[PDB]
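This report refers to the structure that appears directly beneath it.
We place every Cβ from the backbone using ideal geometry, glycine too, and count neighbours over all the protein chains shown. Rule-based calculations on the coordinates, nothing more; no lab input.
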Amino acid sequence: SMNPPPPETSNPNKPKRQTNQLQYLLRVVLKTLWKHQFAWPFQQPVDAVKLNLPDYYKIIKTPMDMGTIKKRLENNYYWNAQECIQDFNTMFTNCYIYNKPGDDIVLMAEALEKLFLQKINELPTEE
Ligand SMILES: CCN(CC)S(=O)(=O)c1ccc(O)c(NC(=O)c2[nH]c(C)c3c2CCCCC3=O)c1
């Protein structure tokens, strides 16, 4: 099996804007998670060819990773902060769907998700 193409990160047909919530998601939320000890399995799409996981994209039909989210923020792909929060939540849910309790990658996801939730509790005010 091939890997699927990664998620779209730029779309010329979508309107663009900057907002303080989007700035905060990139320059505070994403940045904090990106540097975390446990972030590396989440920094790029799962390469199921290289890792020989041919069932990964038979189970996970909405793949997402922080590399894609970073590119989406940097390309102004999101209009609403909740779109970006939704992608982080998809990334974590995909981990819990594919993996078992007790697995290392689940412990890693749980720690990142805890930190993610703490950081988005401090999202600044909407315009
Ligand atoms: C091939 C890339 N590598 C060499 C260039 S690698 O980045 O060094 C590397 C090396 C060993 C690895 O197990 C990984 N695993 C992951 O990334 C990863 N992420 C997630 C969210 C998952 C997995 C795999 C476990 C099960 C599925 C899952 O939920 C990555």
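Residues of segment 62-86 with an amide N closer than 15 Å to a point placed 7 Å from the Cα of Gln18 along the Cα-to-Cβ direction: 73-78.
Derived value for segment 62-127: Kirkwood hydrodynamic radius 12.9 Å. Basis is the mean of 1/r over every pair of different alpha-carbon atoms.
If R0 is 30 Å, the Cβ-Cβ spacing of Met2 and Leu117 corresponds to a FRET efficiency of close to 0.30.
Label-to-label distance, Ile59 versus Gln82, with points set 7 angstrom from Cα along the beta-carbon direction: 3.0 nm. Going from the residue with the fewest nearby Cβ atoms within 10 Å to the one with the most, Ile85, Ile69, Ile105 rank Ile105, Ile85, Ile69.
Taking the Cα centre of the chain as origin and assigning +1 to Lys and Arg Cβ atoms and -1 to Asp and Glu Cβ atoms, the resulting dipole is close to 300 debye.
For segment 19-123, the Kirkwood estimate of the hydrodynamic radius, built from every pair of different alpha carbons, is 14.1 Å. Taken one residue at a time, the phi angles of segment 35-40 give Karplus couplings (6.51, -1.76, 1.60, θ = phi - 60°) of 8, 5, 2, 9, 7, 4 Hz. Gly and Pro are set to x.
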